[PDB]
Asker: 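This is the structure I have questions about; it appears just below.
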Amino acid sequence: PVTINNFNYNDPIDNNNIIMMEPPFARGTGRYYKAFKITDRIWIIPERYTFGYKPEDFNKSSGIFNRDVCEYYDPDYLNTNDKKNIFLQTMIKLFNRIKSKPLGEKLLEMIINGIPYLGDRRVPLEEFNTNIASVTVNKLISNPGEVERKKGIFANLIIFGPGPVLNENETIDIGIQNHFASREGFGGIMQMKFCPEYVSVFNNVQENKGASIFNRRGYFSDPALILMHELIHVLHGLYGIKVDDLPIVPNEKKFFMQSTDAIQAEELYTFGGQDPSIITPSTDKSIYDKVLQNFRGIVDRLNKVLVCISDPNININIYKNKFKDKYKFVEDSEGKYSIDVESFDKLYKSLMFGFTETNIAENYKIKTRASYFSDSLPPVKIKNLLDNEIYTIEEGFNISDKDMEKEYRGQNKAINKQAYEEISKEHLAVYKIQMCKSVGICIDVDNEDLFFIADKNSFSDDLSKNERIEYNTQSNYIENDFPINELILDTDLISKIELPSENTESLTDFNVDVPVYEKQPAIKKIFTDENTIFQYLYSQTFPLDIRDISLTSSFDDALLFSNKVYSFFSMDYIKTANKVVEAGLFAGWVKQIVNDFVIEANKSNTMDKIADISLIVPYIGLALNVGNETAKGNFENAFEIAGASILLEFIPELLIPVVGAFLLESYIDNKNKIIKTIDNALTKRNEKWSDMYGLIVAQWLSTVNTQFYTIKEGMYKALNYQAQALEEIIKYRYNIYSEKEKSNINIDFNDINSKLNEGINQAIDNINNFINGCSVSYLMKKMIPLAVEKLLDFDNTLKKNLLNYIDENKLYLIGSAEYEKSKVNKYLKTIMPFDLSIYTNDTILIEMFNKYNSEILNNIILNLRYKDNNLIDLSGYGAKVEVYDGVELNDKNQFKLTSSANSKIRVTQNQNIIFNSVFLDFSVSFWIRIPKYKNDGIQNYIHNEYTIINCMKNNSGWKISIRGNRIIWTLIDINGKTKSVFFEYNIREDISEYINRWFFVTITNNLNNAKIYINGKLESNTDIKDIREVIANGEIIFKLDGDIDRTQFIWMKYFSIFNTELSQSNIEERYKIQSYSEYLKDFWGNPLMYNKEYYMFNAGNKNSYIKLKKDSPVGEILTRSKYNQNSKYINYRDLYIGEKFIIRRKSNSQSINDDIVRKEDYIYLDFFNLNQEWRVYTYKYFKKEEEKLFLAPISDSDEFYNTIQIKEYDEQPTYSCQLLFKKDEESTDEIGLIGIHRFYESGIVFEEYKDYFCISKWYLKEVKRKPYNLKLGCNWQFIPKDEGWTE
Ligand SMILES: [Ca+2]
Ligand SMILES: [Ca+2]
Ligand SMILES: [Zn+2]
């Protein structure tokens, strides 16, 4: 158990637990400090830390010590005894809060027992030397009047009050002759500058801190966690493992980059959480090795130590025993000390990954920042930590009895205001970057708001070095984690060995290196005329001395006029916001513009499913103009084209080393070692893959995700500014009225602000998801594949290497040299799948990942789309696409393959996308229109199979071919074994849904089946378990190839590939998404047009058509003629028959050229009678359920309705549409729908039934039934002449 001593600042000196100490950095001169022993080996000195600081530095000046801290100054802190005593009592409570839990008590116990080795690098191995400034510190025994008697003592930790900057807590170790004992295994006296009342403030952007913009957002820190954070550094320092290694260093070549001090891996380990992942596994191991090496040096000293000259009273055994336990060395029955790998490993992990701020915060239920790389904010002052009404040893601020326990409400700035006070900005110092334009207006930006981007130098190149594979060689992995529960329950973790006496001989060699600090300018100017994020956000603010503003979509005016504020919301929203109204209409207006705000903010949930993009926040580009001029042009389009990478302010130069070559150890005649060797090189190869991935994740987190975090923050600020601006306008407008008018104006600013705030929170969530999705997208498509390339390159080089090896030893491999020849190939075969959770256990990151991977659209490895008269791949994987001259394309994303040699498309697929699941698992989807066979060429049509899409590599692959009325899918495994599945549509039907008609195809493949889907429905299946490997990433060729007729062609649209098997659900869903359009379709499936001749088809009367009756102004219904010629293979009904209709537009007399017919349009339905154009009418006064339509010349009789509204009642994809007659555009009185009705006719000679072109009210209720009755006689389709259909 740990004992926390008690005392008052005025208690008298006793030279034991209360002394006059001579601090290490005083170099043995200067005055002493009243020091209090709070526990063994730990001292508290309630005075300001002055070593290395000028006295005036304690005042706020025009400078700053650290560029990334809102520094608070106060030279009066601790300038009295009562203050010093308060400081003491406060420290006592914090230490008490700390040991209040097992985890904290152990940290304290580990620290107390982690006494520094007696000596350092300069000391001889056979000796213990206490006479160095990292081991002994002196205390003055003498009477106040002389330094006559000084005594030396051993100490582990000395804690002072803060230096010039109150909120800049720090742990310092002792350097002597340019070396640090605490960094080389010995350990040494640790010091700390600490301030308990002025704690840091932080807030999680992805989360809602009270979810109120008009209120204080954020959380303040539990000073006990802050202290435990520093105590972790102390623990590292004491055990001598606070080693230096390759640091994370920020790139600063660009003005938008954040400037900050280099960050050592130890710093990130201390914080824990995601941060350790920024330290590559490479460096992780480098550090592990350095520490191990340091321990080897100590264990060797223990086996050599003989005497201690410095203190003749030191008991060598007592210390050898203590140090043995400290470092967990093992001693044989003979007394020989040696390093035990298990014990070391566990001890190392415990100190670097067990004791972390993250793990501790979690155990003590204390809330803290998300990552070391989180924007710092202005600190707040806790009112009184000594008041149990506000802060307790057991719960800190989150006191349950006060209901401040849930959701860390006790640390919530908006909820626990009685706990703290805001700080006088007048005393805060903040490093700023002043961006001036070469002219000239200037903008100040906090160095915090810039983009932190790790320079390439931050990462290890170790992967590029050679490796020696020997029968004994083994893998190397360091899990950046540690089971906190076992750490807490570890029985032998805490020493049970006697702590030696702290009294020793006085220190006489005061040699030590003292740091010297100095401020630097708090403002750094830079010149740039760039109008990126910083400017855009700026243009959205206004001066405090200005209260009358106006919104404007002009970024340039906003900058030029203080009364002008930029808004990235809609033109309409902007106009309404600047409107001015009568007091009596003000309330209406307030409700209107506020609701409008929420609408605009909510556009953050926009979907773009047709472009295979689920979520997109359209206004991000206008709001920040971040990355590549994202404020110009249409953002959504730009995004569809280049994706996530267009949002980045800078594209990072990744470090992807060529994996060092392997060197295997040969063992002549030894059939065992030779094999081991081989096996090992294999395993090692896998370690190389993992290490490479970690290297990637590390760079992604510190150069990419960091930028995206900056963007999410920028959006939060942008949205906040918009609300503030609107609020400003509202207040201004309202205050223009008289008190009398105001009294009668019903307005509740609390509901307004609540409305805004809510709309913002919704938008923030959408924005956060969109951005995380982008980040993960960039990782997986722009980073990972490049690592895969070099990793596969490595594999190959290793492949021959291994073979050539087995080769040379085949002798000593005799009758087994074979069983391993394959063993090698079959290993370097199946590669390693990337798994984020392997390099981190951060909940947020893991979830981002799983979310991404659970979105089918991300399984798209090829998506050919039309753009600026050209087909490009928008999968994001960069496939190269060559579209040759003979290929015709349109902006309808339709492309045509002809019989010409140059009607061809070549796709060079990305070779670095994992596509070899090792069982075949992928899908292909596309729309197609296959022309009808030539009646005189039917034999060749059914006989000649021709390839349309071929993807082969080494006589293995897949292909789509066609033989007449049959489309075929074929696979060839590496052995030449083939399998196919096909879909054949019937060519003997009166009317076909497929011939010359656009239809959706989808082919799925999995270890067991090959399935063909047509329009969302499954049509064919083939068992493919037999098929072996199938190379599928070879070149893809789109071209007709086979004995085809010269007139043969094929139309294709939306060709795409997924590296997985699509479910019936996904397929049905893709069918619907791609079928959608505002416009109606024609019989063939192309968009319906105005001023285009069409024959009419009836879905309810397939073999019926319309003809003008000879003696009557009506349309009679005749039976379609059918295929005349003979042949046992074909049969169909003629389509180019009946009257030739033409759809005419209604409003806008902008001539009658042409255009697209959209659902709900009003039209005239005409047809050609000889040289004239007639029209279809309805007698307004028919009284029966149905009426025969009136067909006559164009005129405007008041007895006939002539206006028709085209409709779509079917909610599922269809080429049918319906025609409605309504009183007039306005009226909601539906006269009826156009269809066909049966009539009984009995003349003097003939007696029969005869169908007519009618209008009918019966259809009105029928079209509402579900499912939609496709057979309804009111379902029509328009057939225009098409080269794909001849009769
Ligand atoms: Ca790591
Ligand atoms: Ca302005
Ligand atoms: Zn730290």
Side-chain angles (χ1 to χ4, degrees), residues 66 68-69 168-173 190 192-194 200 221 225-237 242 245-246 248 261 263-288 349 352-353 355-358 360 368-369 371-374 376 441 443 458-460 476-482 535-546 548-552 554-567 690-691 693-702 721 724-725 728 836 838-842 845:
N66 189 290
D68 297 289
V69 181
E168 261 159 43
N169 304 297
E170 163 175 37
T171 294
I172 312 171
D173 63 296
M190 297 300 283
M192 185 200 300
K193 43 168 66 68
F194 189 73
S200 59
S221 309
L225 177 75
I226 295 185
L227 181 53
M228 289 199 270
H229 174 86
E230 293 309 320
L231 290 177
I232 289 178
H233 287 312
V234 166
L235 180 63
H236 294 160
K242 180 160 174 293
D245 199 288
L246 189 60
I248 293 301
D261 301 314
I263 307 152
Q264 280 295 320
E266 187 266 336
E267 168 68 2
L268 303 188
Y269 289 173
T270 294
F271 194 80
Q274 76 142 61
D275 293 349
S277 301
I278 287 184
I279 299 306
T280 79
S282 281
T283 296
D284 282 329
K285 291 184 283 188
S286 174
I287 295 173
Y288 180 88
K349 301 202 178 188
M352 298 300 234
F353 313 129
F355 289 108
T356 65
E357 189 187 314
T358 294
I360 289 183
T368 190
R369 64 203 303 202
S371 157
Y372 170 84
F373 300 84
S374 75
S376 61
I441 205 293
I443 299 176
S458 300
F459 324 91
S460 172
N476 304 312
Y477 294 88
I478 301 174
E479 181 56 60
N480 284 37
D481 187 43
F482 196 84
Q535 293 64 36
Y536 270 60
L537 283 175
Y538 182 72
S539 66
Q540 296 169 64
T541 69
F542 59 96
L544 300 170
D545 57 50
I546 287 302
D548 190 353
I549 61 179
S550 322
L551 299 187
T552 173
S554 173
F555 165 70
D556 299 303
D557 292 324
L559 278 194
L560 189 48
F561 307 80
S562 54
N563 42 303
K564 288 301 184 54
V565 181
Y566 177 68
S567 180
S690 185
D691 276 27
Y693 281 156
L695 163 58
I696 295 297
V697 178
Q699 303 184 68
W700 171 56
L701 291 173
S702 64
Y721 287 143
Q724 280 146 51
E728 179 71 6
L836 185 62
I838 296 306
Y839 310 91
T840 185
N841 35 60
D842 171 297
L845 294 180

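All ligand and atom numbering here is 1-based and tracks the order in the structure. Values below: all heavy atoms of this structure, side chains included; hydrogens, waters and symmetry mates excluded. Residue numbers count from 1 along this sequence.
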Asker: Check whether any N, O or S atom of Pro276 sits under 3.0 Å from the Ca ion (ligand 1).
Answerer: yes
Asker: Roughly how far, to the nearest 0.5 Å, is CG of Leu845 from CG of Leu701?
Answerer: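 The distance works out to 6.0 Å.
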Asker: Kindly determine whether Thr840 and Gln274 satisfy side chain to side chain donor-acceptor pair (under 3.5 Å), including the steps that lead there.
Answerer: CA-CA 6 Å; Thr840 185; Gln274 76 142 61; over 6 Å; no
Asker: Please work out the angle at the Zn ion (ligand 3) defined by atom NE2 of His229 on one side and atom OE2 of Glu267 on the other, rounded to 10°.
Answerer: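 Approximately 100° at the metal, rounded to tens of degrees.
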Asker: Under 4.0 Å between a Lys/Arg side-chain N and an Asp/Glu carboxylate O for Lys349 and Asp481?
Answerer: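 So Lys349 does not pair with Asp481 through a salt bridge.
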Asker: When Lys193 is tested against each of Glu168, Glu230, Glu170 for side-chain hydrogen bond (donor to acceptor under 3.5 Å, both in side chains), which residue passes?
Answerer: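 Testing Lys193 for a side-chain hydrogen bond (donor to acceptor under 3.5 Å, both in side chains) against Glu168, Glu230, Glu170 leaves exactly one candidate, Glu170.
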Asker: Could you tell me whether any N, O or S atom belonging to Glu170 is less than 2.8 Å from the Zn ion (ligand 3)?
Answerer: no
Asker: Looking from the Ca ion (ligand 1), what is the angle between O on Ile279 and OD2 on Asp284, to the nearest 10°?
Answerer: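 With the Ca ion (ligand 1) as the vertex, the angle is close to 90°.
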Asker: How about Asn480: does one of its N, O or S atoms come closer than 3.0 Å to the Ca ion (ligand 1)?
Answerer: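 True for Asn480.
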Asker: Angle between ring planes, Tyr269 versus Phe353, binned at 30° and 60°: parallel, tilted or perpendicular?
Answerer: perpendicular
Asker: Looking only at N, O or S atoms in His233, which is nearest to the Zn ion (ligand 3)?
Answerer: NE2
Asker: Less than 4.0 Å between a side-chain N and a carboxylate O, is that true for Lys242 and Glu266?
Answerer: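 Judged by the 4.0 Å cut-off on N to carboxylate O distance, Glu266 and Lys242 do not form a salt bridge.
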Asker: Does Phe542 put an N, O or S atom under 3.0 Å from the Ca ion (ligand 2)?
Answerer: no
